[PDB]
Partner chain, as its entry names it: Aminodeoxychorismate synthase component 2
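Take a look at this single chain, the form solved without the partner chain, given in structure tokens.
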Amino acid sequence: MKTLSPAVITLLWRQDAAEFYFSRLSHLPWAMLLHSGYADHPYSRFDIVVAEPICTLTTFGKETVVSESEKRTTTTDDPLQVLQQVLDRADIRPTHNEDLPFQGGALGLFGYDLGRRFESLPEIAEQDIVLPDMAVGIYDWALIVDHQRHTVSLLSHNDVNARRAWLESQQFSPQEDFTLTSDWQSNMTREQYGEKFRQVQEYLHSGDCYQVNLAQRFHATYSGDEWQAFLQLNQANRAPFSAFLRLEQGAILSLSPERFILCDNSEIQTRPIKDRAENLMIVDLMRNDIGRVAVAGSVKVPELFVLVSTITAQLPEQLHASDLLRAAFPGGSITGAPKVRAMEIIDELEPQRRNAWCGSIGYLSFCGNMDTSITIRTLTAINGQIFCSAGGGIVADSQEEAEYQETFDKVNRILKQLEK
């Protein structure tokens, strides 16, 4: 077991380093950027850039294709377990390093439809987006941008000098300006929306769920360099869990502000914090998922009123982060409660499958840690089609019109930014 820490070179500091080094990689497949949106907090301290994976994992439904150089392997095993074996087999296990949250390992997309490999449910919505349910690369190196130290760190478990020379020889190519070429069109009318909304309230009325996240999807055509859309969105939104993923099948543009699950040195955290008969029950939609994997008695939640995170806990020594991800996937807070029941209703009412939206983007570092986002406020750019979805958690007392409108308000800024 190679526990050596990775070799590191520091690069000069610049307040735009991550876009500066990733600009010239954004058209390479498996080039990926996690950007903290220039946001000012502890959980928006780093930018991470990776490219040129030594190994990739592509899951499409039941199959996962593991590809490494000339070798290519297909398997129907649990894709997270398959991920875990690939990681394990690298035999690279350096000590945690708070200045290097990711020290090579896996990084990529966990799309929402990947939860069907862990949760059984009908499939009624249509698959009109062909983009993997898991698109993840194994990287033996990374570029780390640290906003608290003002440092730029290039690291590698292989020859960090040769990785540097490679990265500094990439040339800045010119890029076709980005442009929307059509108006945004919802996959549902107000009225259709109103119907699905009423259908979710029938279920709630019947006691079949307590909450369902129902979303609609906006679609437009575009031309030009998706990196360019991303620079402009990132600017405007400054979301701490943003990401730009260049996949073989399209580009994922995430302006997510929300963490999914942090696992740092076995400590788990979810979202950063920001005689009587009690009639109210307050449920954290991720509590049961975390509690199924956390160390018994380790879960802590803050005192609520009607810890730096809503849920804090401990990972058992015998589990991996990948196990933790499995158990929580897809996120309780963007599906509803009971989760799987809610997933089923969601799939009944949403004309199309969510694919990347509301899945998770993140990394499983070789040191064991993990950080992941929930991909809300995330666009999918493919074939000159770009998509952006928006949902709202419906509960018993929600109101139809207000909820419709809430869906627009969640993303109107992103859409209108791409207009004008």
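Here, rigid core means the biggest group of C-alpha atoms that superpose within 1.5 Å across both forms. Positions refer to the first chain, counted from 1.
**Student:** Report, from the record, the number of residues in the deposited sequence between residue 274 and residue 275 that have no coordinates, as none, 1 to 3, 4 to 9, or 10 or more.
**Tutor:** Per the record, 10 or more deposited residues are absent between residue 274 and residue 275.
**Student:** Unmodelled residues of the deposited sequence between residue 280 and residue 281: none, 1 to 3, 4 to 9, or 10 or more?
**Tutor:** The entry has no gap there; residue 280 and residue 281 are joined directly.
**Student:** Comparing 372-380 with 350-358, which has the greater mean CA B-factor as deposited?
**Tutor:** Mean C-alpha B-factor is greater for 350-358.
**Student:** Which has higher Cα B-factors on average according to the PDB entry: 384-392 or 46-54?
**Tutor:** Taking the mean C-alpha B-factor of 46-54 and of 384-392, the larger value falls to 384-392.
**Student:** Looking at 270, 97, 186, 151, which has the biggest Cα B factor in the entry?
**Tutor:** Spelled out: the listed residue with the top C-alpha B-factor is 186.
**Student:** When you compare the CA B-factors of 64, 36, 365, 67 as listed in the entry, which one comes out on top?
**Tutor:** Max CA B-factor in the entry, restricted to 64, 36, 365, 67: 64.
**Student:** Looking at the C-alpha B-factor of residue 77, is it in the lowest, middle or highest third of its chain?
**Tutor:** Middle third by C-alpha B-factor.
**Student:** Name the third of the chain's ranked CA B-factors that contains residue 237, choosing lowest, middle or highest.
**Tutor:** According to the entry, residue 237 has a C-alpha B-factor in the chain's highest third.
**Student:** Taking only the Cα B-factors deposited for this chain, tell me whether residue 344 sits in the lowest, middle or highest third.
**Tutor:** As the PDB entry reports it, the C-alpha B-factor of residue 344 lands in the middle third of its chain.
**Student:** Comparing against every modelled residue in the chain, figure out the third that the C-alpha B-factor of residue 190 lands in (lowest, middle or highest).
**Tutor:** It belongs to the highest third of the chain when residues are ordered by C-alpha B-factor.
**Student:** Lowest, middle or highest third: where is residue 248 by Cα B-factor in its chain?
**Tutor:** Its C-alpha B-factor belongs to the middle third of this chain's values.
Below: the form solved in complex with the partner chain, not depicted.
**Student:** The partner chain isn't shown here, but in the entry with it bound, which of 178-186, 277-285, 258-266, 141-149 has heavy atoms within 4.5 Å of it?
**Tutor:** Selected range: 277-285.
**Student:** Within 4.5 Å of the partner chain in the entry with it bound, heavy atoms considered, which of 272, 291, 194, 224?
**Tutor:** If I apply the 4.5 Å criterion carefully, the residue I get is 291.
**Student:** Which one, 165, 130, 307, 296, lies within 4.5 Å of the partner chain in the entry with it bound by heavy atoms?
**Tutor:** Looking at the other structure, the residue within range turns out to be 296.
**Student:** Can you work out whether residue 204 and the partner chain are in contact in the entry with it bound, taking contact to mean some heavy atom pair no more than 4.5 Å apart?
**Tutor:** Judged by the heavy-atom cut-off of 4.5 Å, residue 204 is in contact with the partner chain in the entry with it bound.
**Student:** Answer with yes or no whether residue 220 is in contact with the partner chain in the entry with it bound, where contact means some heavy atom within 4.5 Å.
**Tutor:** Although the partner chain is absent here, residue 220 would stay clear of it in the entry with it bound, with no heavy atoms inside 4.5 Å.
**Student:** In the entry with it bound, is there a heavy atom of the partner chain that lies within 4.5 Å of any heavy atom of residue 301, even though the partner is absent here?
**Tutor:** Residue 301: contacts the partner chain in the entry with it bound.
**Student:** With the cut-off set at 4.5 Å between non-hydrogen atoms, does residue 396 touch the partner chain in the entry with it bound?
**Tutor:** Residue 396: yes, in contact with the partner chain in the entry with it bound.
**Student:** Determine, with the core as the superposition reference, the one member of 165, 282, 130, 236 that shifts its CA by 2 Å or more between this form and the one not shown.
**Tutor:** The listed residue whose C-alpha shifts by at least 2 Å is 282.
**Student:** How does the C-alpha distance between residue 408 and residue 285 change in the entry with it bound compared with the present structure, closer or farther, given a change of 3 angstroms or more?
**Tutor:** Between the C-alphas of residue 285 and residue 408, the gap widens in the entry with it bound (3 Å or more compared with this form).
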